[PDB]
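# Tertiary structure, described
So the chains spell out like this:
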Amino acid sequence: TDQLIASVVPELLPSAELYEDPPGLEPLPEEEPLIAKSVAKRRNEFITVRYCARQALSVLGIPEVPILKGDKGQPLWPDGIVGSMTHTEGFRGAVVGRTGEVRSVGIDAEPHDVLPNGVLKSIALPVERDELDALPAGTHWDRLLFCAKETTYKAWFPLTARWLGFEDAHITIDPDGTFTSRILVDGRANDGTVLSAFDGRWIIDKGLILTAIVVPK
Amino acid sequence: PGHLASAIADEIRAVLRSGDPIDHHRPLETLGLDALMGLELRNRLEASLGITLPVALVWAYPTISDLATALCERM
Ligand SMILES: CC(C)(COP(=O)(O)OP(=O)(O)OC[C@H]1O[C@@H](n2cnc3c(N)ncnc32)[C@H](O)[C@@H]1OP(=O)(O)O)[C@@H](O)C(=O)NCCC(=O)NCCS
Ligand SMILES: C[As](C)(=O)[O-]
Ligand SMILES: [Mn+2]
Ligand SMILES: [Mn+2]
Ligand SMILES: [Mn+2]
């Protein structure tokens, strides 16, 4: 389609995105305490991304509901639902799905610029740094890698309730618009299964990177 | 952990590009500190204090007061 999230997730997962903060949005009463002490920039992205999430939820037949935050900041979806949210300068986006079709989903949006000084060494394995150098010119592969690593954590955490560091996954980026993440730590999930690899997709458009991972059921 | 906390507050201001004083018990995400900014803050505190810190630093101690007690403890 024309929307970034829709281009990297199957249609069975409804999504919604806004590139600005429209005037007059407000949080639900239950959500107000979470941003009552927050700066305007933070308030705005929080409110707009949740308008997006509630739009995607309505497609699945779920009515207006607060989306609060858990112990590590994870969004708290209605039972039977998985989802992911992301905000950056010029993007607010959300995607959701039912657990009957997908186990987990994460998305992340970043501006298509080089990473700040020092960040790449903080987040990349030495092998990843050489792999990025072999990729074709014309794409900020360092920012794509950082984006994909965050999407890996966003997909990983609802399944494990465990931390996942940047050195704990090896992400391989294909110019294809796909990527793979190989988990280097113990990947025991909370259903008994073992999480070793994730399949990801990525797109660059409107000056943004968007990466997505769907963990199939 | 007092002298060090205000220096942490100064590095946060540099990362956020701000000049107002910060509440030490205010979670950093309410100031708009996102994941990339926490990486930058983590790297700046290593170079500024000359010590090693984990990159899950800010997410372990999400306030200035928590960060200062962590940083003073092992430093
Ligand atoms: C979760 C994280 C990646 C997002 O940071 P960010 O800069 O705000 O990036 P985004 O704007 O795209 O995503 C924000 C959304 O992610 C969701 N989020 C926060 N914590 C989450 C968690 N454990 N799990 C899933 N989603 C989470 C929230 O919906 C949040 O939005 P909200 O606060 O308005 O409700 C970062 O905060 C983090 O904790 N990273 C852990 C370390 C890591 O990334 N390791 C990589 C593994 S290889
Ligand atoms: C009050 As202050 C200088 O620690 O932000
Ligand atoms: Mn954000
Ligand atoms: Mn991101
Ligand atoms: Mn880490």
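Structure determination for this entry, per the PDB record, employed X-ray crystallography and reached 2.0000 Å resolution.

Our next topic: the UniProt feature "binding site: Mn(2+) 4" (unreviewed entry) in chain A. The UniProt record annotates "binding site: Mn(2+) 4" (unreviewed entry) at A:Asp108 and A:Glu110. Summarising the element assignment, A:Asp108 is placed in strand β4 (residues 102–111). When neighbours within four sequence positions are excluded, A:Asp108 is seen to be in contact with A:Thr86, A:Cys147, A:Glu150, A:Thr151, A:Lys154, A:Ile209, A:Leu210 and A:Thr211. Of note, A:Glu110 is situated in strand β4. Excluding anything up to four places from it in sequence, A:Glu110 contacts A:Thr88, A:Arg143, A:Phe146, A:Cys147, A:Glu150, A:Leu208, A:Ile209 and B:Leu36. A distance of 2.8 Å separates a polar atom in the side chain of A:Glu110 from a polar atom in the side chain of A:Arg143.

This next bit is on the UniProt feature "binding site: CoA" (unreviewed entry) in chain A. On the UniProt side, "binding site: CoA" (unreviewed entry) is annotated at positions that read A:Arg42, A:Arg50, A:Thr86, A:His87, A:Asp108, A:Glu150, A:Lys154 and A:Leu164 here. Across 123 residues of sequence, these annotated residues are also dispersed in space, with a maximum C-alpha separation of 25.1 Å. Relative to the helices and strands, A:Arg42 is located in helix α1 (residues 40–59). With a relative accessible area of 6%, A:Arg42 lands in the buried category. The contact partners of A:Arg42, leaving out residues within four places of it in the chain, are A:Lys69, A:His87, B:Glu29, B:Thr30 and B:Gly32. Relative to the helices and strands, A:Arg50 resides in helix α1. The exposure class assigned to A:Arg50 is buried, which follows from its relative accessible area of 3%. Excluding residues that lie within four positions of it along the chain, A:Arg50 makes contacts with A:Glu31, A:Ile67, A:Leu68, A:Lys69 and A:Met85.

So, how was this worked out
- Summary of conventions: residues on each chain are numbered from 1 in written sequence order, possibly unlike the entry numbering, and any residue without coordinates is omitted from what is shown.
- The lettering of chains begins at A and the numbering of ligands begins at 1, in the order of writing.
- Heavy atoms from the whole structure form the basis of all side-chain values; hydrogens and water molecules are not counted.
- UniProt positions are given in the numbering used here, feature names are shortened, and annotations may be inferred rather than shown by experiment.
- Counting from the N terminus, the helices are DSSP H or I runs at least four residues long and the strands are E runs at least two residues long.
- Two residues qualify as a contact provided that any one of their heavy atoms is within 4.5 Å of a heavy atom in the partner residue.
- Identification of polar contacts relies on pairs of N or O atoms within 3.5 Å, with a donor-acceptor requirement for protein atoms, meaning one able to donate a hydrogen and the other able to accept it, and with residues adjacent in sequence counted only if both atoms are side-chain atoms.
- Three labels apply to residues, based on accessible area from a 1.4 Å probe with only protein chains included: buried if under 20% of the type maximum, exposed if over 50%, partly exposed otherwise in between.

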